[PDB]
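Read through the structure below, which is laid out as structure tokens, and then see the notes.
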Ligand SMILES: [Cl-]
């Protein structure tokens, strides 16, 4: 089909956090219907980043969610035109990060273009001091809003010395497909796990893996 | 164990939303270890309420969570002394609802005292116009923090005509028991479904059911 059982991706990302400009690129692959993917990510400008790579991590792929049960797949059916997404992540200590991304398809390859703008990350905070250790696994709540799809969630960023830095994510997802051709889902939930395969040179190379599964609440109902 | 396989509860609630004062009481029972419970709730002052009963729903019970896998049960282990919770719920259209709750155990019955303050609900929004149809199921993120437990989540309130009103919940769970005697859990999640069972006399009488299960992420 148009999204094959195996798909490749290339990504270009540019942004600023606080006032440090950077670019990353990446290349990877995964199994869109199995909900798995890997990306090999290089910092290509502004390295080494003077902030935790972790704050970029959720910016690097919605087509790779395993949509179980009934759930119509908003993203896989957005092709060939593809889709966009836009997010504000608000950290409880200050730090706000806006990400905006364009997903498109050329020659059976998925192309991501992401822009990042983060501000007010505290100078001696764990993000700017690179004192972080990855994200807990978690659940994005998906619900229809407008002629688009909206996601809400709280993520917990593991800290050196234990404890967590908490942030909220507010995401708006829009298709570029007419809408009349689009079977939009009801409310559902996406269980995700973000992990690293390997990293090196002060995180200027990071290989990142995601498992994502879309579901209805499995609890029984009265 | 002093939290048994079936437990009863009685609740007292007072508060004010958008300057409308109200009081509620409730009684109920459930199965703590299976994570189920029902409450039968009455508005005893200020009824009928000029705002959606739904904004009060999460303020009516943490002892009744089915803790699966490893997870140390903060709440069940908290007795006989019991615990408190306190919460800010912030609606994306302005509405802030603050709740402060005391949970006790007395004569084998669970006792809840709850106080509530709601401000800035838009006067023509779905809350003050009672256009709401209950809460989607959700998962609360639980983590150790500040000597106790904090909870984070977003909840989605169903509106007439099919849309949702989103709010964030920020909760601190404080145990009255000395922290030395508690086995503290790591990061975990609590899947909940809160379902209206019945509603009479313009939400002046409400039956409400919850099912709640603690777990880790299973992928
Ligand atoms: Cl997300």
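Heads up, the Cβs are rebuilt from the backbone with ideal geometry, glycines too, and the neighbour counts pull from every protein chain shown. Bear in mind that the values in this text are calculations on the coordinates, not laboratory data.
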Is one or more of the residues making up region A:212-219 within 23 Å of residue A:88 (Cβ to Cβ), within 16 Å of the ligand (Cβ to nearest atom) and part of a strand (DSSP E or B)? yes
Restricting attention to region B:143-164, which residues are part of a strand (DSSP E or B), out of contact with any helix residue (DSSP H, G or I) (no Cβ under 7 Å at 6 or more places or on another chain) and more than 9 Å from chain A (Cβ to nearest Cβ)? B:148, B:149, B:151
Got a number for residues in region A:72-97 being in contact with a strand residue (DSSP E or B) (Cβ under 9 Å, 6 or more places away or on another chain), outside any strand (DSSP E or B) and closer than 17 Å to residue A:177 by Cβ? 10
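Restricting the search to region A:165-202, which residues are within 13 Å of the ligand (Cβ to nearest atom) and either touching a helix residue (DSSP H, G or I) at 6+ places or on another chain (Cβ under 8 Å) or assigned to a loop (DSSP other than H, G, I, E, B) (or both)?
A:169, A:173, A:194
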Just to verify a result, which residue in region B:181-209, among those that are more than 10 Å from chain A (Cβ to nearest Cβ) and under 13 Å from the mean Cα position of the chain (by Cα), is surrounded by the most Cβ atoms within 10 Å (Cβ to Cβ)? B:208
So how many residues does region A:66-97 have that are under 14 Å from residue A:173 (Cα atoms) and within 16 Å of the ligand (Cβ to nearest atom)? 8
Within the bounds of region A:130-142, is there any residue that is more than 14 Å from every other protein chain (Cβ to nearest Cβ) and either within 16 Å of the ligand (Cβ to nearest atom) or buried (at least 18 other Cβ atoms within 10 Å of the Cβ) (or both)? yes
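Over 13 Å from the mean Cα position of the chain (by Cα) and either at positive phi or within 11 Å of chain A (Cβ to nearest Cβ) (or both) - does that describe any residue in region B:170-180?
no
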Filtering region A:145-164 down to residues that are under 30 Å from residue A:80 (Cα atoms) and away from the ligand (no atom under 16 Å from the Cβ) yields A:146, A:147
